[PDB]
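Let me begin by presenting the structure, written as structure tokens, before commenting on it.
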There are 2 protein chains.
Amino acid sequence: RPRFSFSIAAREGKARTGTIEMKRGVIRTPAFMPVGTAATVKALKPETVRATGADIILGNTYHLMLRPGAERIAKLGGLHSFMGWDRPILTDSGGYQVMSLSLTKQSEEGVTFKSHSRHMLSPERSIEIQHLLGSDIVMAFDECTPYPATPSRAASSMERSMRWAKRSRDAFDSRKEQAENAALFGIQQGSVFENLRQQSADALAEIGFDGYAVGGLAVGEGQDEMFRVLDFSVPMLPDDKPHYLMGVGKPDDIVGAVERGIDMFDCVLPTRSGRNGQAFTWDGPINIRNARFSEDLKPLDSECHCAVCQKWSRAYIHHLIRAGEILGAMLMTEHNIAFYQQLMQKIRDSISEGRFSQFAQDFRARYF
Amino acid sequence: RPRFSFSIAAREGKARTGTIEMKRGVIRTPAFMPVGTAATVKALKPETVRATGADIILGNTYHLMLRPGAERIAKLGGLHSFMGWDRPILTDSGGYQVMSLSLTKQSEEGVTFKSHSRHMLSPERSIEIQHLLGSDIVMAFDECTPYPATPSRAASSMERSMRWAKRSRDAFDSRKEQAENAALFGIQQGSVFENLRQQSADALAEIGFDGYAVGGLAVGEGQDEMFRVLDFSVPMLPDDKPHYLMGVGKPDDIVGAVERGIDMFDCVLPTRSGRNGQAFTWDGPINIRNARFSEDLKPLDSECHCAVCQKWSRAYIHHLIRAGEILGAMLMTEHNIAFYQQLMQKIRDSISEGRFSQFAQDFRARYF
Ligand SMILES: CNc1nc2cc3nc(NC)[nH]c3cc2c(=O)[nH]1
Ligand SMILES: CNc1nc2cc3nc(NC)[nH]c3cc2c(=O)[nH]1
Ligand SMILES: [Zn+2]
Ligand SMILES: [Zn+2]
């Protein structure tokens, strides 16, 4: 395969469906990326992740650089080898988790922080850590602007991000092995302000990336406002490259985002809430800990093709979660990631068949 | 298959190898039974348990009767259906865990206790709970005599156990469906005293069971003393029925026990210590959390055929366990149960080939 090729096979409105071809495999778009925090998609073997239909996973740079360490993973052969996932891996650039999870000192150079011991991240180190991990899709080092932000603060933050975007580009390009085998995505910032989003889009396009993220959303603004910002922001991005909305989201968030032009998603919601007892169903989420499932012999979801729904009942999984059993986390997680992959498959198919608008409407009437 | 048929195919000294045929499957002996505490072998899907080579698992009556409940499991179709294990299940009779895990009041009728809310166990209720769970091999309700015990106390306790053994027999036999489809094992008691062991053996034989456990060991007496007691105790049991040593044990315990006539084993050591970071290897156990494995690319064990050793390194599993990741528990557990099944396979094969004595010696020189 090529280093990177994005092809759009079909369109409906702003929605697109297609493929990203990369050396380690093909990514069907719109894609959902299960999250591998610390070199594991929690409670799943990689074969199980693959079995659910995932084409690519995300790795968190912040966690990895702290434990087990990027240089160590490099010494051991790279993240793919280490965790046993041989398909593409997208790595985040680390700043978002630094600011939300670590003491910190921000500067034009980057950020120094204390592990939750003293560490540094900058455009150059971020890009080098992603290289050491052997990431397929490298994210530019950015600043996710807190919400709400005043226009002045949003602008200052966005401008720094665009300076860091150029630095990220140059660091990536300076490393031949990385530039020849990996892709680099830029991240748009600008909070909820259309002109700042535009300036950011322009800056990123002039630098040039393999793909473009819409950064700075799903940070407390709510779905209405996130959709409003996507409405004007995604058309600013190059049409012929993938559009990634990081940290999103609930099933309806994903559907609405695809309607507005997004091709890629990641979120911990299916894994984390699965361990928390929340199961996604076509009729909306259920909390399996609830007493009403204690004798319910139906599967988590009536239609789901996953192995969990083929084999075990709500009543059993209720018991496991109640009991704090590891197999409960395993089964809930497998189902929820399978459910997300089936959602993405239905989106892809409906776009390919020009019935996505109808799918979105049907999905919503039943889910709610 | 028959309800119950034990065949001995080969003998070496006191060791035997053969098969137990039951309606839900064949059990290769000497057998190791992974423990399913609360309707799950911790951190493993039942298919994974089967993949390691297990033919039968144990279920804990105490835990099940408390959560989710025996009657509830019965309503839902039985333990096999509930947890997704379609092969034989041996259920313990519950007293051992009552006395070690629950406030309690002991009487000739049985034991009342408070869940760790008020519950009762007796020969009759124990046998009924095992029926409700749909157990294949039912254990008589006994009293595991604490160690050390004076001869008087050992005798009093053993005598009660033998009265309870008769009550267990009669309760089992009174339930046609149970008597036609399940087997009943009696448990020998008597602490470390040869004459009490003999009286117990005699009592159990006169009642008549499908199999005989050596109860009251692995309760603090140490291997030397456990082997000494097995030396005289196992020959007292009927030769033509299975001999079960419950709660044993370490690999060397198992080897030594087979040398003395034991055909069946259960223990939490491979599962619990696996989650604790202890991995069994042919060169002895290792603690994977130790820093010396942080960059060790070898599998947990050099020879092990399990899927974990085919695919992941010590260094990765070290990281997972260090990080408290669920996949670490999963992988450690799968390896350790596979290791135990491979140990049992080597024992069976060596007995069948009349080289067990040599295997035991070789095993020991390398393991220690
Ligand atoms: C690593 N860079 C980076 N990560 C993010 C993670 C997010 N996660 C959410 N909601 C869960 N919004 C996010 C925005 C960004 C963002 O703008 N940039
Ligand atoms: C359920 N009846 C019953 N359980 C037991 C469990 C044991 N577990 C150990 N060591 C870990 N010894 C045991 C003895 C008995 C025993 O004599 N009887
Ligand atoms: Zn499912
Ligand atoms: Zn192994």
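We number chain B the way Swiss-Prot does; in order, the residues shown are 11-112, 114-127, 131-382.
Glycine is no exception: its Cβ is also placed from the backbone N, Cα and C atoms.
Here is what Swiss-Prot says about this protein:
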ACT_SITE  B:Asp102  active site, proton acceptor
ACT_SITE  B:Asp280  active site, nucleophile
BINDING   B:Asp102, B:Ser103, B:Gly104, B:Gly105, B:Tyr106, B:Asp156, B:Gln203, B:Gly230  substrate binding site
BINDING   B:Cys318, B:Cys320, B:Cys323, B:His349  Zn(2+) binding site
REGION    B:261-267  region 'RNA binding'
REGION    B:285-289  region 'RNA binding'
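Long-range contacts of the region 'RNA binding' (B:285-289) within the same chain, counting only residues at least 6 positions beyond its ends with a Cβ under 8 Å from a Cβ of the stretch, are 44-45, 51-53, 299, 343, 346-347, 349-351.
When the recorded positions B:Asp280, B:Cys318, B:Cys320, B:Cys323, B:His349 are ranked by how far their Cα is from the Cα of B:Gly105 (substrate binding site), B:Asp280 comes first. Those residues of the chain, other than B:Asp102, B:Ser103, B:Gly104, B:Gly105, B:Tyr106, B:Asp156, B:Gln203, B:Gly230, with a C-beta within 8 angstroms of the mean position of the substrate site C-beta atoms are B:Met153, B:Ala154, B:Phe155, B:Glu157, B:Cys158, B:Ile201, B:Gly229, B:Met260. B:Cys318 (Zn(2+) binding site) sits 34 Å from B:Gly104 (substrate binding site), taking the CA atoms of both as reference points. Report note: the Zn(2+) site is defined by B:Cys318, B:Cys320, B:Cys323, B:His349, and the residues of the same chain whose CB lies within 8 Å of the CB centroid of those residues, excluding them, are B:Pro313, B:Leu314, B:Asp315, B:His319, B:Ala321, B:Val322, B:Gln324, B:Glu348, B:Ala352, B:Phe353. Each residue contributes its Cα atom, and for B:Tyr106 (substrate binding site) and the residue listed as 'active site, nucleophile' those atoms are 14 Å apart. Rounded to the nearest whole angstrom, the C-alpha distance between the residue listed as 'active site, proton acceptor' and B:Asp280 (active site, nucleophile) is 10. B:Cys320 (Zn(2+) binding site) is 37 Å away from B:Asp156 (substrate binding site) when you measure Cα to Cα.
Secondary structure by DSSP for the region 'RNA binding' (B:285-289): 5 helix, 0 strand, 0 coil.
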